[PDB]
Amino acid sequence: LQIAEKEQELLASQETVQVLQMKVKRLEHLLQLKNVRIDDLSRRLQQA
Amino acid sequence: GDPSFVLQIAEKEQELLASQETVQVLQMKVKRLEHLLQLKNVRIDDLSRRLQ
C-alpha cells in the first residue's frame, strides 16, 4: 500500500533520529570531559 | 469508506513530517554542541598558555 511506503519512510527517519540522539549524548560527554580539563588547567593556574 | 483512507494516509504523512523535523532539529543541536566544544577548546588553549 501507500501506507506500507509511508511507514517504511518513517522507520528509516526514526532510526536516523536514534543515531543523532546517540551523537548528541556523546557530544554532551565530551563537553563534561572538556569542563574537567578546564577545571584542572584553571586550578594549576591558581598555583601562580 | 474512502474518507477513512484519506484520514489514515493524512495521519501516516503527519507522523513522517514530525520525524523529518525531529531529524532537522537534532542536526541543529549537534551543530550547536560542536560550537560549544570549539569554545571549550579555545578556553583550554587560553588557560594552558597562561599556565606557561
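Here the Cβ positions follow ideal geometry from the backbone for every residue, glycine too, while neighbour counts run over all protein chains shown. Only the coordinates and a few stated rules stand behind these numbers; no lab work does.
Here are the numbers for this structure:
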| read-out | value |
| --- | --- |
| Condition met for B:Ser19 (more than 27 Å from A:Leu20 (Cα to Cα) and surrounded by 10 or more Cβ atoms within 10 Å (Cβ to Cβ)) | no |
| One residue from B:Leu47, B:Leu39 being in contact with a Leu (Cβ under 9 Å, 6 or more places away or on another chain), aliphatic (A, V, I, L, M), part of a helix (DSSP H, G or I) and under 27 Å from A:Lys25 (Cβ atoms) | B:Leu47 |
| Long-range neighbours under 9 Å by Cβ, at least six apart or interchain, first residue more than 13 Å from B:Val25 (Cα to Cα) within segment A:6-27, second outside any helix (DSSP H, G or I) | A:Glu7/A:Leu1 |
| Test for A:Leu20: is it of a type in the set (A, V, I, L, M) and either more than 7 Å from chain B (Cβ to nearest Cβ) or touching a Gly at 6+ places or on another chain (Cβ under 7 Å) (or both) | no |
